[PDB]
């Protein structure tokens, strides 16, 4: 079967994306923001991402057996907006505009329950026949948590938690309260290790062995004038935090900056001042989820755990889940957030049509790639001089070994928020000055943000405490004795690191470059951060890469077989 999965809708939506399954295989998968250059893919059908999928597979809508959407959108409309006004045909015209998607007839349209879509994106691509399922996000149609049993190709829901008790909204609200912003919860997670936890209840959570309780909020609270509990939970958390925490909310400031010639946005207070709040929210989140995970694992008698939903992006929480006595194996896809429900809706539908889903297999590289000719055309448009090295990977390894920052744009773009050696900025892992240099000079980040390493899977057992696959950087782990001080640029405040392990099959070029680098600095390990400037999505096209390269004080850009130096 050929099944196009979608997420993204013109009214109050985020993370638009499209995924195409052909006979259970990912033929193409990408997020709208990569094409639009607008972060988060807000308020739009995944027009460009879907147009990419179809071109990639050489298909039209008429070649599709089915189109799948990662929410029960009709049910949200009937319940929250007093009616679903669209025929399937009208819904498809919005999701796949005829001016971009010509079609003779309509593919069958499927709406998939949001948390089922999350779950499908974990289970079906895990390569495990059975396990416990834990979906935690902001909110699907109603529930914010889902506990389910995956076995024999089936996903059976055991329990759910109402939206008002969302851990995602909670975490997002705290993140906003600190001035890091609700759109950057990952930064709250990074700040956490710099703070101290005094009281992980936040005077709101009560924890038990099966999860958590929130007596700060009626669990049946509902916004009558919206379709999620976000505004309800926002008012309750903001009021509560202001009562119990010594600092009021951080405010955003908008002022004209004559140096930039623009009105810029800033925070009234340094978010670092809220580090104790961050540490406390992280602890509260972990403890709640721990109970949830223990609870679903015991009920199902499983020892493999599947996690998805936005909160599943909490790599710190994930790393700790994995070391837990109740867990033997974990799979979390690179697309745990709503990005992944296009793929998940497609999988749910394809499985229903009798297809069998292939494991993702240690790569997230499903986006667009570009031929040498296409890269060259982008290069020649700019009139920059460049070379085509006889051995690009050797030369890059040497650049990195010497303390330079190299941009690396190769093959299919990765899907998800992490750069994984398709669109990455590379640097020395062994340098005690590289972290400060990249934070302050290159990626315009706060001094307290850590970086993550890429390393050969072949040496990861000696470097990391745990010997498992870490293909997605979706999980943190402790660093071993020998290396905790050998790799200063990729270690965090709490002695953790967020690793990507690289198999030769998953990325031969990247694998060969790291191998080359290993011969030079002892360990085939480098710093790998996302290839983008502060206000933009990760670069996708060779024009994107060139543009970002031009405004960052980095040393070199390795794009396709070509090498560009500053």
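Residue numbers count along the first chain shown, from 1.
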- Message: Can you tell me whether 131-139 has a higher mean C-alpha B factor than 480-488 in this record, or the other way round?
- Response: 480-488
- Name the higher of the two by mean Cα B-factor in the PDB entry, 406-414 versus 380-388. 380-388
- Item | Selection by C-alpha B-factor (highest) of 307, 347, 100, 459 | 459
- Task: Return the residue from 114, 255, 173, 299 that has the highest Cα B-factor in the entry.
- Result: 299
- Lowest, middle or highest third - CA B-factor, residue 40: lowest
- Third assignment of residue 222 from its chain's C-alpha B-factors: highest
- Would you please rank residue 544 by its C-alpha temperature factor against the other modelled residues of its chain and give the third it falls in: lowest, middle or highest? lowest
- Ordered by C-alpha B-factor within the chain, which third holds residue 500? Give me lowest, middle or highest, please. middle
- Select lowest, middle or highest to describe the third in which the CA B-factor of residue 84 falls within its chain in this entry. highest
